[PDB]
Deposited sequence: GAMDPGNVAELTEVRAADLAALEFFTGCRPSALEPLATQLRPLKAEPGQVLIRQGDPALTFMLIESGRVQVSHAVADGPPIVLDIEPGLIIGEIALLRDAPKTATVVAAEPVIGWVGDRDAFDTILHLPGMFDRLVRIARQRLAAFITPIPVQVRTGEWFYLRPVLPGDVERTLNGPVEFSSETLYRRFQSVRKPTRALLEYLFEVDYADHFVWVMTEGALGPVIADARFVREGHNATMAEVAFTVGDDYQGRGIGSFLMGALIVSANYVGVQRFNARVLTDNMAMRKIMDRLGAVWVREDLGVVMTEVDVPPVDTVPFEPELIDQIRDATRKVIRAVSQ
């Protein structure tokens, strides 16, 4: 096998693999297959099983999602990324068609080959960074005014945010067969189905200062646990209350009908949040229905923006 050495070689020369030694890519070489495609060619058809990912060396591709009612909704991406890795890890059927807009050169691997990549030095963080950059393009932070009169910016979490934050990861993602930590961790960073996190930032592109999440009690449950965090300087400023409003809009839109929570005696704040939905305490715990979108005290236009942001980010992460 001499191809393998030559393979490793081409791989090493990709932007994607900058700073890896060609030899250290030799096993991965054994697991990747080159692909060439012509303009117009389907690289991935909607309804296909998720069997492989593709690493594209060069060639612009076009992603579209066919809707049963009215024409397919379409988008470009430049090369240098991986496509199909979410569906692959989720074993879901593809929901979006992908077509070569330009001649396409690249590399196809299975899930084991993707796990190989995840373990190569530097590579898990690099993949998270590529995901973060791709997703940022689908986020417009929404300026929001908290009851203090301070302005912050509301946006879905991004891959890489340090607040995104193993056993908790499996106990969710239990539908991934024979998984690795690395596979679970990467899916965690790009998950907007089972997990939905809202972040509030100091300025439109500034640090996260608070966050709120729901975690469905199983892949697709209408019951979801909630948790809120608020940074140090920022307590008692109306923030968790606001985020809860964002969290309600997102739940409704994706069909989460119920919330549960539990934590410390100490943070009344959390009790006060659940309180406002008429919680039921039994360190303490509760369940509540998610109220109708009706009752979050935000302007209709803000409701539509939070829903569209929810829409866009889910759609980014649907392959």
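Where the model has no C-alpha, note the corresponding stretch of the deposited sequence, numbering from 1.
-> Deposited residues absent from the model fall in 1-8, 174-181, 299-303.
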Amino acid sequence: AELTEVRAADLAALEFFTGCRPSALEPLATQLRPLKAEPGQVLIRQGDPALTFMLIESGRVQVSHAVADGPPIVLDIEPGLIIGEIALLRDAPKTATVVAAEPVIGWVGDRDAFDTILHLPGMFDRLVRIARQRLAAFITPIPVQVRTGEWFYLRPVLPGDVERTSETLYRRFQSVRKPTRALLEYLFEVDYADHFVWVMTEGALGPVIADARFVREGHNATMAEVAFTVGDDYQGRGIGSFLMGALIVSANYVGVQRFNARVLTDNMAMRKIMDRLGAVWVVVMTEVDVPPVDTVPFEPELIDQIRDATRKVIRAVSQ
From here on, numbers count along this sequence of modelled residues.
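Between 47-55 and 22-30, point out the one with the higher average CA B-factor as the PDB entry records it.
-> Per the deposited B-factors, the answer is 22-30.
Between 171-179 and 228-236, which has the higher average C-alpha B-factor in the PDB entry?
-> The deposited B-factors put 228-236 ahead on the C-alpha mean.
Between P141, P159, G218, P93, let me know which has the highest C-alpha B-factor in the entry?
-> Most elevated C-alpha B-factor of the set, per the entry: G218.
Can you tell me which of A37, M274, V63, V254 has the highest Cα temperature factor in the record?
-> Comparing C-alpha B-factors across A37, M274, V63, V254, the maximum falls on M274.
According to the PDB entry, is the CA B factor of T97 in the bottom, middle or top third of its chain, that is, lowest, middle or highest?
-> Within its chain, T97 is a middle-third residue by C-alpha B-factor, going by the deposited values.
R129 by Cα B-factor - lowest, middle or highest third of the modelled chain | It falls in the bottom third of the chain.
Among all modelled residues of this chain, ranked by Cα B factor, put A9 in the bottom, middle or top third, i.e. lowest, middle or highest.
-> Highest third of the chain for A9's C-alpha B-factor.
For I314, does the deposited CA B-factor place it in the lowest, middle or highest third of the chain?
-> For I314, the deposited C-alpha B-factor lands in the middle third.
Can you tell me which third, lowest, middle or highest, the CA B-factor of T201 falls into for its chain?
-> Lowest third of the chain for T201's C-alpha B-factor.
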